[PDB]
$ cat input-v4.cif   # mmCIF, C-alpha atoms
data_entry
#
loop_
_atom_site.group_PDB
_atom_site.id
_atom_site.type_symbol
_atom_site.label_atom_id
_atom_site.label_comp_id
_atom_site.auth_asym_id
_atom_site.auth_seq_id
_atom_site.Cartn_x
_atom_site.Cartn_y
_atom_site.Cartn_z
ATOM 1 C CA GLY N 1 90.675 103.755 35.911
ATOM 2 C CA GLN N 2 92.316 100.546 37.108
ATOM 3 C CA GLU N 3 91.132 96.996 37.977
ATOM 4 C CA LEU N 4 93.057 93.925 39.222
ATOM 5 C CA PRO N 5 91.127 91.358 41.406
ATOM 6 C CA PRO N 6 93.237 88.158 41.487
ATOM 7 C CA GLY N 7 90.455 86.295 43.385
ATOM 8 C CA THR N 8 91.075 86.515 47.140
ATOM 9 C CA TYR N 9 94.196 87.778 48.923
ATOM 10 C CA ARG N 10 95.482 87.707 52.550
ATOM 11 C CA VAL N 11 96.361 91.056 54.112
ATOM 12 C CA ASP N 12 96.358 93.057 57.322
ATOM 13 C CA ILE N 13 92.962 94.794 57.343
ATOM 14 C CA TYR N 14 92.980 98.424 58.545
ATOM 15 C CA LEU N 15 90.065 100.761 59.466
ATOM 16 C CA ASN N 16 90.229 104.514 60.318
ATOM 17 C CA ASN N 17 94.031 103.969 60.467
ATOM 18 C CA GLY N 18 93.554 101.455 63.319
ATOM 19 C CA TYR N 19 94.408 97.767 62.745
ATOM 20 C CA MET N 20 91.597 95.169 62.574
ATOM 21 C CA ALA N 21 92.388 91.643 61.436
ATOM 22 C CA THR N 22 94.711 89.440 59.365
ATOM 23 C CA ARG N 23 92.495 87.100 57.299
ATOM 24 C CA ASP N 24 91.786 86.271 53.669
ATOM 25 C CA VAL N 25 89.634 88.846 51.827
ATOM 26 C CA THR N 26 87.587 88.354 48.595
ATOM 27 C CA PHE N 27 87.204 91.523 46.429
ATOM 28 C CA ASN N 28 85.568 91.890 43.034
ATOM 29 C CA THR N 29 84.359 94.445 40.443
ATOM 30 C CA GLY N 30 81.795 96.851 41.987
ATOM 31 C CA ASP N 31 82.312 100.649 42.289
ATOM 32 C CA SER N 32 85.647 102.198 43.524
ATOM 33 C CA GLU N 33 88.879 103.629 41.905
ATOM 34 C CA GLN N 34 90.172 100.130 41.019
ATOM 35 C CA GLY N 35 86.521 99.078 40.302
ATOM 36 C CA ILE N 36 87.040 96.345 42.921
ATOM 37 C CA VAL N 37 85.415 96.389 46.346
ATOM 38 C CA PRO N 38 85.981 93.905 49.217
ATOM 39 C CA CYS N 39 83.201 91.526 50.216
ATOM 40 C CA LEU N 40 82.464 92.607 53.816
ATOM 41 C CA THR N 41 79.302 91.606 55.726
ATOM 42 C CA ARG N 42 77.287 93.014 58.669
ATOM 43 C CA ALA N 43 78.988 90.296 60.695
ATOM 44 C CA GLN N 44 82.583 91.219 59.780
ATOM 45 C CA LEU N 45 82.010 95.009 59.625
ATOM 46 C CA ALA N 46 80.716 94.936 63.241
ATOM 47 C CA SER N 47 83.927 93.198 64.464
ATOM 48 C CA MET N 48 85.773 96.285 63.159
ATOM 49 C CA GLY N 49 82.948 98.328 64.752
ATOM 50 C CA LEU N 50 80.488 99.485 62.007
ATOM 51 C CA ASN N 51 77.010 100.281 63.350
ATOM 52 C CA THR N 52 75.005 97.969 61.084
ATOM 53 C CA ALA N 53 71.864 99.244 62.883
ATOM 54 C CA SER N 54 72.696 102.901 62.009
ATOM 55 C CA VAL N 55 72.575 102.278 58.243
ATOM 56 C CA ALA N 56 68.809 102.067 57.588
ATOM 57 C CA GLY N 57 69.253 99.099 55.197
ATOM 58 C CA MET N 58 71.970 96.684 56.457
ATOM 59 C CA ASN N 59 69.701 95.743 59.378
ATOM 60 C CA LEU N 60 67.339 94.269 56.670
ATOM 61 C CA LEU N 61 70.077 92.139 54.955
ATOM 62 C CA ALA N 62 71.361 88.746 56.161
ATOM 63 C CA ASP N 63 73.933 88.365 58.957
ATOM 64 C CA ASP N 64 76.367 87.170 56.255
ATOM 65 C CA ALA N 65 75.476 88.836 53.104
ATOM 66 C CA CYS N 66 77.930 90.946 51.052
ATOM 67 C CA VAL N 67 77.095 94.596 51.984
ATOM 68 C CA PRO N 68 78.707 97.687 50.358
ATOM 69 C CA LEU N 69 80.615 100.299 52.362
ATOM 70 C CA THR N 70 80.686 103.461 50.168
ATOM 71 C CA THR N 71 76.936 103.004 49.553
ATOM 72 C CA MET N 72 75.052 101.457 52.530
ATOM 73 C CA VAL N 73 76.711 104.030 54.797
ATOM 74 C CA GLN N 74 77.716 107.632 53.947
ATOM 75 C CA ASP N 75 81.433 108.672 53.814
ATOM 76 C CA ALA N 76 82.729 105.191 54.626
ATOM 77 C CA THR N 77 85.169 103.869 52.006
ATOM 78 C CA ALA N 78 87.233 100.829 51.027
ATOM 79 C CA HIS N 79 90.588 100.743 49.202
ATOM 80 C CA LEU N 80 93.165 98.080 48.453
ATOM 81 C CA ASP N 81 96.838 98.963 48.934
ATOM 82 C CA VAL N 82 98.129 96.288 46.503
ATOM 83 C CA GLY N 83 101.586 97.821 46.846
ATOM 84 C CA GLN N 84 101.813 97.027 50.580
ATOM 85 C CA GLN N 85 99.169 94.220 50.673
ATOM 86 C CA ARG N 86 96.781 96.100 53.036
ATOM 87 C CA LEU N 87 93.005 96.700 53.107
ATOM 88 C CA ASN N 88 92.388 100.439 53.931
ATOM 89 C CA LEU N 89 88.806 101.068 55.165
ATOM 90 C CA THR N 90 87.210 104.267 56.575
ATOM 91 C CA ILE N 91 83.907 104.694 58.581
ATOM 92 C CA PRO N 92 82.574 107.859 60.343
ATOM 93 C CA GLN N 93 81.253 107.708 63.982
ATOM 94 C CA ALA N 94 77.697 108.225 62.627
ATOM 95 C CA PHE N 95 77.809 104.488 61.771
ATOM 96 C CA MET N 96 80.171 102.825 64.311
ATOM 97 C CA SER N 97 79.106 100.170 66.903
ATOM 98 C CA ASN N 98 79.531 96.365 67.397
ATOM 99 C CA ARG N 99 75.871 95.482 67.856
ATOM 100 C CA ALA N 100 74.830 93.656 64.665
ATOM 101 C CA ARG N 101 71.547 91.717 65.371
ATOM 102 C CA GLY N 102 73.591 88.655 64.459
ATOM 103 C CA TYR N 103 77.428 89.096 64.340
ATOM 104 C CA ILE N 104 79.703 86.234 63.212
ATOM 105 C CA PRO N 105 83.496 85.880 63.759
ATOM 106 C CA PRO N 106 86.045 85.318 60.929
ATOM 107 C CA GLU N 107 86.177 81.607 61.925
ATOM 108 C CA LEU N 108 82.576 81.092 60.667
ATOM 109 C CA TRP N 109 82.704 83.216 57.435
ATOM 110 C CA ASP N 110 86.015 81.641 56.443
ATOM 111 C CA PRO N 111 86.413 82.882 52.864
ATOM 112 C CA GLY N 112 89.658 81.149 51.754
ATOM 113 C CA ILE N 113 91.802 81.013 54.928
ATOM 114 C CA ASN N 114 94.834 79.332 53.290
ATOM 115 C CA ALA N 115 92.137 77.302 51.486
#
$ encode --input "input-v4.cif" --output "structure tokens"
Amino acid sequence: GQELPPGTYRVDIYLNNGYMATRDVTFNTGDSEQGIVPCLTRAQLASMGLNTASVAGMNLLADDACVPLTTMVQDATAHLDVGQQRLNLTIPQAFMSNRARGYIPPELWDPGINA
């Protein structure tokens, strides 16, 4: 048991040990080891390459709505390396694609980009 959301942080975002993006990230009490989960949406997840149309649920949410990762999808995960300032995400091939029935870049979701 741990918890420490300071209310947004800026990190290098990482998925399946590949790099993704370098943007601000909001993360808050939910359900993980630190309690805290990142806010990630069907837009943003599909930039990384999550098949929002595979998970029989996210395709019924909004284009930018907060969507879980360890929950919506099976065996995907999200962790904060607060030692190294890095967002560690995991997603199996069973739910990976870019096609989001929507999709929005990080310039149009802008959570607190040095703001």
$ atom_distance --input "input-v4.cif" --atom1 "atom CA of residue 40 of chain N" --atom2 "atom CA of residue 67 of chain N"
6.0 Å
$ resolve_selection --input "input-v4.cif" --expression "the PyMOL selection byres ((chain N and resi 20-27) around 6)" --output "ChimeraX atom specification"
/N:8-14,19,28,36-39,48,112-113
$ resolve_selection --input "input-v4.cif" --expression "the PyMOL selection byres ((chain N and resi 58) around 10)" --output "JSON, numbers by chain"
{"N": [41, 42, 51, 52, 53, 54, 55, 56, 57, 59, 60, 61, 62, 63, 65, 66, 67, 68, 72, 73, 100]}
$ atom_distance --input "input-v4.cif" --atom1 "atom CA of residue 70 of chain N" --atom2 "atom CA of residue 82 of chain N"
19.2 Å
$ resolve_selection --input "input-v4.cif" --expression "the PyMOL selection byres ((chain N and resi 103) around 8)" --output "CSV table (one decimal) with C-alpha atoms, in the coordinates of the input"
chain,number,residue,atom,x,y,z
N,42,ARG,CA,77.3,93.0,58.7
N,43,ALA,CA,79.0,90.3,60.7
N,44,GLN,CA,82.6,91.2,59.8
N,46,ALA,CA,80.7,94.9,63.2
N,47,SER,CA,83.9,93.2,64.5
N,63,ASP,CA,73.9,88.4,59.0
N,99,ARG,CA,75.9,95.5,67.9
N,100,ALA,CA,74.8,93.7,64.7
N,101,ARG,CA,71.5,91.7,65.4
N,102,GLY,CA,73.6,88.7,64.5
N,104,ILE,CA,79.7,86.2,63.2
N,105,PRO,CA,83.5,85.9,63.8
$ closest_residue --input "input-v4.cif" --among "N:91, N:29, N:97, N:16" --to "residue 71 of chain N" --atoms "all atoms listed in the file"
N:91
$ atom_distance --input "input-v4.cif" --atom1 "atom CA of residue 45 of chain N" --atom2 "atom CA of residue 69 of chain N"
9.1 Å
$ residues_near_point --input "input-v4.cif" --point "(95.4, 97.7, 46.4)" --cutoff "10 Å" --atoms "all atoms listed in the file" --output "ChimeraX atom specification"
/N:3-5,33-34,36,78-88
$ closest_residue --input "input-v4.cif" --among "N:15, N:108, N:30, N:114" --to "residue 76 of chain N" --atoms "only C-alpha atoms"
N:15
$ axis_aligned_box --input "input-v4.cif" --around "segment 2-8 of chain N" --padding-each-side "5 Å" --output "lines of an AutoDock Vina configuration file"
center_x = 91.8
center_y = 93.4
center_z = 42.1
size_x = 12.8
size_y = 24.3
size_z = 20.0
$ closest_residue --input "input-v4.cif" --among "N:49, N:110, N:31, N:7" --to "residue 90 of chain N" --atoms "only C-alpha atoms"
N:49
$ closest_residue --input "input-v4.cif" --among "N:50, N:2, N:64, N:35" --to "residue 111 of chain N" --atoms "all atoms listed in the file"
N:64
$ build_atoms --input "input-v4.cif" --residues "segment 2-24 of chain N" --atoms "N, CA, C and O atoms" --output "PDB file, keeping the file's coordinate frame"
ATOM      1  N   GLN N   2      91.451 101.667  36.805  1.00  0.00           N
ATOM      2  CA  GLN N   2      92.316 100.546  37.108  1.00  0.00           C
ATOM      3  C   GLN N   2      91.375  99.399  37.487  1.00  0.00           C
ATOM      4  O   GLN N   2      90.249  99.673  37.896  1.00  0.00           O
ATOM      5  N   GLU N   3      91.827  98.149  37.419  1.00  0.00           N
ATOM      6  CA  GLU N   3      91.132  96.996  37.977  1.00  0.00           C
ATOM      7  C   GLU N   3      92.137  95.853  38.024  1.00  0.00           C
ATOM      8  O   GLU N   3      92.810  95.630  37.019  1.00  0.00           O
ATOM      9  N   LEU N   4      92.264  95.143  39.156  1.00  0.00           N
ATOM     10  CA  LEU N   4      93.057  93.925  39.222  1.00  0.00           C
ATOM     11  C   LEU N   4      92.707  92.926  40.353  1.00  0.00           C
ATOM     12  O   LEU N   4      93.576  92.577  41.149  1.00  0.00           O
ATOM     13  N   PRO N   5      91.478  92.396  40.439  1.00  0.00           N
ATOM     14  CA  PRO N   5      91.127  91.358  41.406  1.00  0.00           C
ATOM     15  C   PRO N   5      91.725  90.012  40.992  1.00  0.00           C
ATOM     16  O   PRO N   5      91.266  89.427  40.003  1.00  0.00           O
ATOM     17  N   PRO N   6      92.699  89.471  41.737  1.00  0.00           N
ATOM     18  CA  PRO N   6      93.237  88.158  41.487  1.00  0.00           C
ATOM     19  C   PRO N   6      92.396  87.064  42.166  1.00  0.00           C
ATOM     20  O   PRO N   6      92.828  85.909  42.145  1.00  0.00           O
ATOM     21  N   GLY N   7      91.243  87.369  42.799  1.00  0.00           N
ATOM     22  CA  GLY N   7      90.455  86.295  43.385  1.00  0.00           C
ATOM     23  C   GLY N   7      91.045  85.909  44.730  1.00  0.00           C
ATOM     24  O   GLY N   7      91.869  84.998  44.809  1.00  0.00           O
ATOM     25  N   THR N   8      90.620  86.626  45.764  1.00  0.00           N
ATOM     26  CA  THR N   8      91.075  86.515  47.140  1.00  0.00           C
ATOM     27  C   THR N   8      92.547  86.903  47.305  1.00  0.00           C
ATOM     28  O   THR N   8      93.379  86.782  46.402  1.00  0.00           O
ATOM     29  N   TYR N   9      92.856  87.461  48.473  1.00  0.00           N
ATOM     30  CA  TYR N   9      94.196  87.778  48.923  1.00  0.00           C
ATOM     31  C   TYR N   9      94.190  87.797  50.453  1.00  0.00           C
ATOM     32  O   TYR N   9      93.123  87.956  51.058  1.00  0.00           O
ATOM     33  N   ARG N  10      95.352  87.663  51.096  1.00  0.00           N
ATOM     34  CA  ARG N  10      95.482  87.707  52.550  1.00  0.00           C
ATOM     35  C   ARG N  10      96.300  88.924  52.905  1.00  0.00           C
ATOM     36  O   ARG N  10      97.432  89.058  52.438  1.00  0.00           O
ATOM     37  N   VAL N  11      95.740  89.798  53.735  1.00  0.00           N
ATOM     38  CA  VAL N  11      96.361  91.056  54.112  1.00  0.00           C
ATOM     39  C   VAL N  11      96.101  91.340  55.586  1.00  0.00           C
ATOM     40  O   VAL N  11      95.295  90.657  56.229  1.00  0.00           O
ATOM     41  N   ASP N  12      96.736  92.392  56.101  1.00  0.00           N
ATOM     42  CA  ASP N  12      96.358  93.057  57.322  1.00  0.00           C
ATOM     43  C   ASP N  12      95.299  94.080  56.914  1.00  0.00           C
ATOM     44  O   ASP N  12      95.474  94.866  55.978  1.00  0.00           O
ATOM     45  N   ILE N  13      94.148  93.990  57.563  1.00  0.00           N
ATOM     46  CA  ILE N  13      92.962  94.794  57.343  1.00  0.00           C
ATOM     47  C   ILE N  13      93.069  95.952  58.337  1.00  0.00           C
ATOM     48  O   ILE N  13      93.412  95.748  59.507  1.00  0.00           O
ATOM     49  N   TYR N  14      92.773  97.157  57.867  1.00  0.00           N
ATOM     50  CA  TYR N  14      92.980  98.424  58.545  1.00  0.00           C
ATOM     51  C   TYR N  14      91.706  99.255  58.382  1.00  0.00           C
ATOM     52  O   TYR N  14      91.111  99.268  57.304  1.00  0.00           O
ATOM     53  N   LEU N  15      91.268  99.939  59.440  1.00  0.00           N
ATOM     54  CA  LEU N  15      90.065 100.761  59.466  1.00  0.00           C
ATOM     55  C   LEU N  15      90.317 102.024  60.274  1.00  0.00           C
ATOM     56  O   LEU N  15      90.738 101.925  61.426  1.00  0.00           O
ATOM     57  N   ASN N  16      90.002 103.192  59.710  1.00  0.00           N
ATOM     58  CA  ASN N  16      90.229 104.514  60.318  1.00  0.00           C
ATOM     59  C   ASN N  16      91.655 104.625  60.861  1.00  0.00           C
ATOM     60  O   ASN N  16      91.887 105.131  61.965  1.00  0.00           O
ATOM     61  N   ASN N  17      92.616 104.081  60.109  1.00  0.00           N
ATOM     62  CA  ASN N  17      94.031 103.969  60.467  1.00  0.00           C
ATOM     63  C   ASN N  17      94.340 103.112  61.693  1.00  0.00           C
ATOM     64  O   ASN N  17      95.513 102.984  62.042  1.00  0.00           O
ATOM     65  N   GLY N  18      93.347 102.482  62.313  1.00  0.00           N
ATOM     66  CA  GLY N  18      93.554 101.455  63.319  1.00  0.00           C
ATOM     67  C   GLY N  18      93.655 100.099  62.624  1.00  0.00           C
ATOM     68  O   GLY N  18      93.122  99.920  61.526  1.00  0.00           O
ATOM     69  N   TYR N  19      94.335  99.136  63.240  1.00  0.00           N
ATOM     70  CA  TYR N  19      94.408  97.767  62.745  1.00  0.00           C
ATOM     71  C   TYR N  19      93.106  97.040  63.090  1.00  0.00           C
ATOM     72  O   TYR N  19      92.418  97.406  64.044  1.00  0.00           O
ATOM     73  N   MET N  20      92.770  95.992  62.332  1.00  0.00           N
ATOM     74  CA  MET N  20      91.597  95.169  62.574  1.00  0.00           C
ATOM     75  C   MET N  20      91.954  93.703  62.680  1.00  0.00           C
ATOM     76  O   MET N  20      91.857  93.111  63.760  1.00  0.00           O
ATOM     77  N   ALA N  21      92.265  93.091  61.546  1.00  0.00           N
ATOM     78  CA  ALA N  21      92.388  91.643  61.436  1.00  0.00           C
ATOM     79  C   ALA N  21      93.377  91.248  60.349  1.00  0.00           C
ATOM     80  O   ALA N  21      93.766  92.083  59.537  1.00  0.00           O
ATOM     81  N   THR N  22      93.749  89.973  60.314  1.00  0.00           N
ATOM     82  CA  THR N  22      94.711  89.440  59.365  1.00  0.00           C
ATOM     83  C   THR N  22      94.144  88.125  58.828  1.00  0.00           C
ATOM     84  O   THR N  22      94.443  87.036  59.329  1.00  0.00           O
ATOM     85  N   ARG N  23      93.247  88.225  57.848  1.00  0.00           N
ATOM     86  CA  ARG N  23      92.495  87.100  57.299  1.00  0.00           C
ATOM     87  C   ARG N  23      92.487  87.230  55.783  1.00  0.00           C
ATOM     88  O   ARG N  23      92.920  88.253  55.246  1.00  0.00           O
ATOM     89  N   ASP N  24      92.009  86.194  55.103  1.00  0.00           N
ATOM     90  CA  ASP N  24      91.786  86.271  53.669  1.00  0.00           C
ATOM     91  C   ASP N  24      90.600  87.202  53.409  1.00  0.00           C
ATOM     92  O   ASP N  24      89.748  87.415  54.284  1.00  0.00           O
TER      93      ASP N  24
END
